[PDB]
Amino acid sequence: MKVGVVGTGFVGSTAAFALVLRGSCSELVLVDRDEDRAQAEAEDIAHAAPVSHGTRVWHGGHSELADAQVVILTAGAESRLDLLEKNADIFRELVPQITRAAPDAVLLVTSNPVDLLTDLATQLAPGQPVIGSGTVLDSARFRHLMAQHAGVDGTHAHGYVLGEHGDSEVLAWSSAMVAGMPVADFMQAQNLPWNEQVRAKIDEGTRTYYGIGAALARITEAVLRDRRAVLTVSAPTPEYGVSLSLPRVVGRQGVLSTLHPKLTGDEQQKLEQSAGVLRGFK
Amino acid sequence: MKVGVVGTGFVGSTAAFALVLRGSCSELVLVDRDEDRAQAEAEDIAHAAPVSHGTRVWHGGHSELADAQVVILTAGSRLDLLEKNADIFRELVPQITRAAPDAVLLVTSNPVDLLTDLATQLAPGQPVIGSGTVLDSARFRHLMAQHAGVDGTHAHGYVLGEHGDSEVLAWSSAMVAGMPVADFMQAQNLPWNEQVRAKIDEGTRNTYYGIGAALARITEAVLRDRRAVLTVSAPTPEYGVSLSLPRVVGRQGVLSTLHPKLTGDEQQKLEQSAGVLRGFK
Amino acid sequence: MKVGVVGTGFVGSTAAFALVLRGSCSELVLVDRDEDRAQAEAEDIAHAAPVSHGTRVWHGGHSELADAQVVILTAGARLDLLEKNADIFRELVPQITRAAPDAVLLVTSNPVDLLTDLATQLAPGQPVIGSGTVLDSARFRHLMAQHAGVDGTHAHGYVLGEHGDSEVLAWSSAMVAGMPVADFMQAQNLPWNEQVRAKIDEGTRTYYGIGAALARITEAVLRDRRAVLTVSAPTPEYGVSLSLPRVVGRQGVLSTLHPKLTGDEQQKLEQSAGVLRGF
Amino acid sequence: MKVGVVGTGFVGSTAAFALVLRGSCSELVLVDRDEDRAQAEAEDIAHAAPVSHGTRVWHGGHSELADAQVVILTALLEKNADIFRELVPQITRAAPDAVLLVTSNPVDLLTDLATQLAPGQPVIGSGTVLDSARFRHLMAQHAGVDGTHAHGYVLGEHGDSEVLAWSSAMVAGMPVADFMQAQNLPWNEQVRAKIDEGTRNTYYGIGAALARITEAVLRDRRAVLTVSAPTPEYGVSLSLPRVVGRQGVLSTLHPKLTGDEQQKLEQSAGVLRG
C-alpha cells in the first residue's frame, strides 16, 4: 500500500505523519517543488514509524509516485478568487505530472477552494478517480459535538455536513441521529437539553491541521482497504453542475455510489444556494 | 489499566489473547482453579504482545486480582448447567470481591443472564455486567452492513433480551447510514424482504473468537470510560430479571439504560423471553 | 494485502485471528478440506475485526487464494507422521501454486523443516518458508529480557537448527541492551548461572504464541519489513532446510546471516542437521 | 491513563497529536498561558482519535492536570528558568505523583532545574532519545534491515556536543562493521560521518519520541532510553541509557566506552556545570 503526497506544506505533512503513526500504508512518498522541504519532512517523519507496522518514507520527484494507490494533492498558494486562480495554475502544472506517473492512483484533492479545484482536477484527469476532502472533517466535527452532548461515544452519532466547504456548508440536522434515533428524540429520552441554542452552539463549532490530517488519512485508508466507508467527500454532482460534498461510499475504486439525503425544504434550499455560489466561480 | 480473567477455558483465554493483541490493557492476570493451565495460557499469551504497546501477563490466585479495573468471569439440562454453575459462582465471586472490591465484574458464563443476577447479589456494591447479547448485536449489524454494501460502523441495531434462542432482533430499530434498513435498501435498490431478513436472522442466532473480541470491546469501554452503547445483560427492574438492553458503558460500568421503542410483536417477544428467565430464576 | 490460510485447525485459525485483530491484512481467505469448519471459523473471526482497519474474511476453495501475497499452509495430520503430511502436501501445494503462483508460502506443519524442504520441491519458482524456530527465538529473548528486567525489544538471541528438542540456543551471542547477557546481569548485579540459564532453556524449548509469530512473519512479507527472523529454509551448507536468522521481505528470504557460534554450538547444530539429513 | 502537556507550542501539540493517534492514553489535557491556543488544538486534536483506542482531549489550567501520570513540559536558559520556577511548582501542586518529562532546551540543565524545583517526584528530560533513534534508523537503513535490529546510543549533552557510541553500535547482534562486512556493504569513515550528520541533525520525530517515552511510563514497560537525568558521576544532568517505567528511571546503565568516547563525554559534563 503506497501513498504519495504532493506539496509538503502543513496539511501534506500532518497527513503524512498521521498516515505513518497509524500504519495506514507501507510506502509513503513526499513530492514537492521545494525538494529540500520535502527531504526534511520525509526524514523527520521516517524516524517515527510504528514498530508493529513500519513504513518506508522518502521524498522524490513526480516519477516516484509510480504505483501509488492514492495520491494526496495538497499543493496550493487577497480575494478567495485569486487564491482560486493561482491554485488552478499550480494544478494545471501538477495534475498532469501526477497522471503521468500514477495514472491509476486515486487523486485526493485538499487544496482550497477544494470543491472547485476538485472540478479542475477532474477535467485535468478524466481517466482517474478524483476526490476532494470536502466536508469530511466538518461532518466528523458535527458528529463529535452531538455525541459529546449526548454523553455517548462518537461512533453512535450520525450526521452529515453537505455542500460547499466553508461558510456556505449545510448541517443536515434533519438527518442527525444518535444511537439510532433522531437526535431530538435521544435527548428527550435522556432528559438532556436540546433546543435552538444548543444546536446553534454546535453549528459554530462544526464550522493547526491535525483534524484534517487525520481525516485525510481515513479517506486514504478507506481506499487502501477497499472499505466502502460513507464519507461526505467532494465530487462532481450532476444535479448541481458542480463538485460538492454529499455522502458517498468510498473504496478502492474511489466513489462507488452517492446517496443524496432527504433534506428539509430549507436545507435543500441552502444547499442549492451553496451550489450557485460555486457555479459562478466555475 | 489492569484486567483479570477467572477460569482459563477457551473463552477466557481467547478474550485474553484479544486483549493483549490489541494492547487493551497494560496488565493481565489469569486466575484459575487449574493453576497449571492458567500458567500455560499466561506464558503463551505473554508472547503475543505487540511492541507498540506491551502487556504484562501472568497467572495467580484470586489475590492477584488486586486493583484490576475489570474482572472477566468466564468460569463454568440447562437447569443442570445453571445450578452446577451457580455453585461455582458462590465460591468464586466472593474471592473476587475480596481481592478487587471496586473492579467491574464482567460475567460471561452460561446462562449469562441468570448468572449475572446471581453475581450481582453475591457482589453488591460493585458494578456487575454480563456479556449478554453484545456479540449477537454485533453480528446483526455486520450482516446488515454486508448486505447493504457498507462498512459495519454505519449499521445500527440491537439484539435484546435473553442470550439464546429466545433473543429478539429489534428490526424496528435497525438503521443503515442514518436510515431504517429497508429505506436504505430501497435507496440503493438492493433486495430486502422476509427471506433476506430470515437469512440474517439465522446468521445472528448461530471456537470463541467472536466472543473473545467482544469481551475485549466491553472491557476497553470500561478501561477508557468510553460511553459505548452495548447490549449487555444487567438486572432490569421492569422485567425483574437480568437481561440485555442497550446500555451506556463506561468506567463505572452501566451509566444508563436506553429502553428501545419496539413494535407490539417485539415487546411481546421480549416479555415472553423475560418470562422464561423468571422461570429459571 | 491478501492472505490465505490453508487447513483451519487450531494453528491456522489462531494465526487468522491474530492477523485480523492486528489488521495485518485487508483480505483473508480460509481454505480447508473440511469446508464446514472453514466456514464456521471464517464467520466467527470476521466478527472479530477492529473498526479502524477492517478485514474481509471468508472461506473458499483453493481457487480463492487468487492473488494472495502470503499463503500459510498449516494442514497436517516420526517417519510415519512425516510420510502422511508429505502425502497431504503433494496434494495441496500444487493446488496452491495453481491459484497463487507468486504467493509467499509459509509452511508450519510438523516437521516444519522437512516439510519446508518438500514444499520447496513441490513449488519451485516461488518463495517458500517454514515457521521454524521463530517462536522459540522469541521465547528465548522474552525470558532473558524478563530476567534482566527490561522490555523484550532490548534482548537479542537466536534459536537455530531443527525445530524441536534438537534446536540450538545461541547463548554465545545472546545480548541484552547491547551487551552480552552475562555482562548485563553483572552490571545490574543480578544472578546469572547454569541454573537460571537452564530454566530459560526450559521455557524456550494452546497456539497463541505460534499464531502471533505466524502473523509477524506474514506482516514482514506484506509490509516488506526486512525483519530478521530465524525461519526455516533450505541451507546448502547443511544440505537441509534449517532455521537460521534471515532477512525476510516481500520476496521472502532476501539473505541469510550465518551467526558466529562456539565450537560447542556449531556442533549441536551439525548434529541437528545430521538427523534431518536422514529424513 | 492521564497525560497533560504544559505549553502548546509546536513540540507540545505534535507530541499530543502522536499520543492521540496511537491511543497511548485515554485522557489528555493541554495547559497553556495562551488559553486560546490551547483551546483549538485540544479541539482539533480532539479528532485524530482512532475509534478503537480513543481519547478525551481538552484544554484547561494547572488544576486540570490532576491525576496525571505524565506531564510533558514543553514551555534562552536564563528566561526558561524563570518560567520553570513559576510552572514546575504549579505542576507539583496539582500532579505530585506525575512523572515530569522535560523537553525544552536546554533540556539538560532545565531538567536539573526541574529536579531542583520538584524533589520527591520523578523528573527526566527527553535528552538524546530522538538522536539515539536517528542513529539506529540510519545504521539500519544502511544495513538493509528493520530498525529494531539496530542498537546504538547517543550520549551526553543534547546538541552539538553529544557522543555517538560507535563503539557499541550493533546490527543483528553484531558490531555494525562486522555486519556490513558479512553483508558485503560499504563501511568506511565516510559512511559513518554521513550517519553522524543525520543523527545529530520540524517536530515529528521529537513528537513521536516524547510519546514513546510517555508510553514507557504509562505502561510500566522497563524500556531502555537515553533520557537526561542528574548523573552523580559528572555532577550534571546527562543522557545515558536508563531503564524507564511507571516510577520513572529505575536504573542507569553506564556503557563501556573507548577512552576517546569517555573523553568527549566527561568533557561535555563540565561544559555543563555552567
Side-chain angles (χ1 to χ4, degrees), chain B residues 8-9 12-24 39-58 134-143 145-146 150-154 202-204 206-216 220, chain C residues 8-9 12-24 37-58 134-143 145-146 150-154 202-204 206-216 219:
Chain B
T8 58
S13 69
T14 295
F17 190 47
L19 283 170
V20 168
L21 236 42
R22 327 217 288 149
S24 299
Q39 186 177 333
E41 322 262 309
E43 295 165 341
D44 193 42
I45 291 171
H47 290 308
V51 291
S52 297
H53 42 44
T55 276
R56 171 167 109 88
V57 191
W58 81 101
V134 172
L135 173 58
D136 303 28
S137 283
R139 291 205 209 95
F140 179 35
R141 284 193 317 107
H142 169 80
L143 292 172
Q146 192 97 45
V150 161
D151 185 86
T153 53
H154 306 297
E202 171 196 1
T204 293
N206 261 144
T207 201
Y208 307 80
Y209 301 113
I211 183 58
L215 252 21
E220 291 159 12
Chain C
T8 60
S13 74
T14 297
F17 188 42
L19 284 167
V20 170
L21 267 204
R22 291 179 67 188
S24 303
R37 196 191 299 161
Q39 182 177 1
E41 289 166 343
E43 295 174 343
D44 195 28
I45 288 167
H47 300 315
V51 282
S52 281
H53 23 63
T55 303
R56 186 161 90 73
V57 179
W58 75 100
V134 170
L135 176 53
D136 304 275
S137 296
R139 290 211 215 87
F140 183 38
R141 290 188 290 269
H142 177 250
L143 292 173
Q146 185 190 60
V150 295
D151 197 77
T153 56
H154 306 294
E202 182 178 0
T204 293
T206 187
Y207 310 94
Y208 295 118
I210 181 66
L214 261 27
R216 268 182 274 118
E219 287 159 16

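Convention: sequence-line order gives letters A, B, ...; per-chain numbering from 1.
Contacts between C:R22 and chain B at a heavy-atom distance below 4.5 Å involve the side chain alone, from C-beta outward.
The distance from the OG1 atom of B:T14 to the CZ atom of C:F17 is 6.5 Å, given to the nearest 0.5 Å. Atom CH2 in C:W58 sits 10.5 Å away from atom CD in B:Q146 (nearest 0.5 Å). Taking CD1 of C:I210 as the reference point, atom CG of B:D44 lies at 9.5 Å (rounded to 0.5 Å). Taken to the nearest 0.5 Å, the NE2 atom of B:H47 stands 9.5 Å off from the CG atom of C:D136.
When each of C:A18, C:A212, C:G54, C:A138 is checked for heavy-atom pairs under 4.5 Å with chain B, C:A18 comes out on top.
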